[PDB]
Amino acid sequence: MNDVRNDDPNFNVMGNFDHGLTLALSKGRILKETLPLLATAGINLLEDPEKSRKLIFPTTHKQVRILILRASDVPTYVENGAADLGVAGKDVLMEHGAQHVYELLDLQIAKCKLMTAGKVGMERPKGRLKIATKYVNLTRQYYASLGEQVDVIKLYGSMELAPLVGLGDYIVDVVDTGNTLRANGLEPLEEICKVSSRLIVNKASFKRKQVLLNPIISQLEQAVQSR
């Protein structure tokens, strides 16, 4: 009946409440670096998600189905076991909070650093520093490091724009290389920590689904070979 997996038919198979494996992936550059790891593990998207109206996606495994989420939402879906396991930025995991999750692997992809940044040739203003950021808990934790307090201002949008129109004193964002910033007349400053994409499993799903999970984890481990 079931036999082996190689689901070639697209636009089908993907059911509701799949008690197989629900994988929560992020959306942009993170997604484009995750796909290749998965391809070696035997999991391939049948369609292009950008040009697709689907919310759940079938893979080459009949046992595995994919969500493409805002990065902030991956931990939330897995925490609640609406997804069994997920691929999330360590920035996002650290802001949110690890609860009903095992962090199983540093995948060594989407490597960046959480940094402060400003306008080039700016004066440290006088009062409470106003910090614009999407990472409230993390910038609060950090300036507690230095013995300072701050006014934080939560942004969900482009944090590059804030201090050009004079919204922040500074910003806190993840920085690959720093090109985009300098080109828009800004400069990276203090490195708060290092960030990479991690794999996470819902604690219950771990106990319960260990025959689908064991091999997949083990093949992803080998694709991050490194040393």
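Residue indices: 1-based, along the sequence shown.
Legend entry - 192-200 set against 30-38, stretch whose average Cα temperature factor tops the other in the entry: Averaging CA B-factors over each stretch, the winner is 30-38.
Legend entry - Mean C-alpha B-factor comparison - 174-182 and 66-74, higher one: The recorded data point to 174-182.
Legend entry - Out of 80, 145, 108, 116, residue topping the C-alpha B-factor column of the entry: If I rank 80, 145, 108, 116 by C-alpha B-factor, first place goes to 145.
Inset, instruction - Select one of 205, 22, 16, 218: the residue whose C-alpha shows the highest B-factor in the crystal structure entry. - result: If I rank 205, 22, 16, 218 by C-alpha B-factor, first place goes to 16.
Inset, instruction - Select lowest, middle or highest to describe the third in which the CA B-factor of residue 90 falls within its chain in this entry. - result: Lowest third, going by the recorded CA B-factors of the chain.
Legend entry - CA B-factor ranking of residue 134, expressed as a third of its chain: Lowest third, going by the recorded CA B-factors of the chain.
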